[PDB]
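Numbering (PDB author numbering), first residue to last: 1 to 28.
Here's the structure we're looking at; comments come further down.
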Amino acid sequence: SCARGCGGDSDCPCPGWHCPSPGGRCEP
């Protein structure tokens, strides 16, 4: 589970996830 405040893919350690917008939460 890594739906956290992401600034990019580098904040998503979950394989297959994406960061929609720098500042938002990561999405699968």
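No residue lacks a Cβ here, since even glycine has one placed at the ideal position from N, Cα and C.
Who are the Cβ neighbours of residue 17 in its own chain at under 6 Å, not counting the five residues just before and after it? 26 and 28
I want to check one thing, is the minimum distance from the CB of residue 15 to the heavy atoms of the ligand ZN below 7 Å? Only the bare structure without any ligand can be found here, which leaves the ligand ZN out of the picture.
Is residue 23 close to chain C? Criterion is C-beta to C-beta, closer than 8 Å. The structure shown contains no chain C; it holds only a single protein chain.
Separation of residue 2 from residue 13, as counted between CA atoms: 7 Å
Which value, in whole angstroms, describes the spacing of the CA atoms of residue 8 and residue 22? 6 Å
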